[PDB]
Amino acid sequence: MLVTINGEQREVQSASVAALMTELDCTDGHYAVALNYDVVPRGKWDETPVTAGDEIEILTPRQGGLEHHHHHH
């Protein structure tokens, strides 16, 4: 489906957002998906399908100076 990914209208083969981020290799480090600018939590990527003509903005969330980035226990 032809979906506007991060401002680029990109023709993908994935029908699910889990599969979309995996297809685009955006599942590791710290990436996020914004479906119609609304960020989908990673635990909902598999629950959420992609829709043709939608705008999937891949966000790289600023979590460097975020205490939770690494917390013992």
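Residues numbered from 1 in each chain as written, not as in the entry; some residues may be left out. Heavy atoms only, no water.

Its PDB header names solution NMR as the technique used to obtain the model.

A. Broad picture of the overall build of the chain. Secondary structure summary: the chain contains one helix and five strands in total. With the C-alpha coordinates aligned to their principal axes, the bounding extent of the chain is approximately 40 × 20 × 20 Å. Looking at the chain residue by residue over its 73 residues, the buried ones come to 30%. For the chain, the accessible area works out to roughly 5400 Å², and carbon and sulfur atoms hold 49% of it. Of the charged side chains in the chain, 4 are positive and 12 negative, and the gap between their average positions amounts to 5 Å. (Helix = DSSP H or I, 4+ residues; strand = E, 2+ residues; numbered from the N terminus. Buried < 20%, exposed > 50% of the residue type's maximum accessible area, 1.4 Å probe, protein only. Areas by Shrake-Rupley, 256 points an atom, 1.4 Å probe, with all protein chains shown as cover. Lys, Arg positive; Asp, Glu negative; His and termini not counted. Charge placed at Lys NZ, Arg CZ, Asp CG, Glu CD.)

B. Seen up close, the side chain of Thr48. By the element assignment, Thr48 lies in the loop between β4 (38–40) and β5 (55–59). We classify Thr48 as buried; its relative accessible area is 12%. Non-local contacts of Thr48, meaning those with residues more than four positions away in its chain, are made with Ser16, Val17, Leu35 and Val40. (Contact = heavy atoms within 4.5 Å.)

C. Seen up close, the sheet that holds β4. Overall, mixed pairing links the five strands, which are arranged β2-β1-β5-β3-β4 in an open sheet. Of all strands in the sheet, those bounded by a partner on one side alone are β2 (8–11) and β4. Between one strand and the next, the sheet's axes are offset by a mean angle of 35°, whatever the strand orientation. The sheet contact formed by strand β1 (residues 2–5) and β5 spans two bridges and is parallel. Bridge pairing in β5 links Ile5 to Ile56. (Pairing = 2+ DSSP bridges. Axes fitted to C-alpha atoms, helices over the stretch in contact; angles between N-to-C directions.)

D. Examining the pairing of β5 more closely. Because side chains alternate across β5, one face comprises the buried residues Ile56 and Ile58, and the other comprises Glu55, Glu57 and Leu59, none of which is buried. Sheet analysis places strand β3 (residues 32–35) next to β5, joined by four bridges and oriented antiparallel. Counterpart to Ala34 in the pairing with β5 is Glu57.

E. Looking closely at the side chain of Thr4. Secondary-structure assignment places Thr4 in strand β1. For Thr4, a relative accessible area of 15% corresponds to the buried category. What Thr4 contacts, discounting residues up to four positions off in sequence, is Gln9, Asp54, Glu55 and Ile56.

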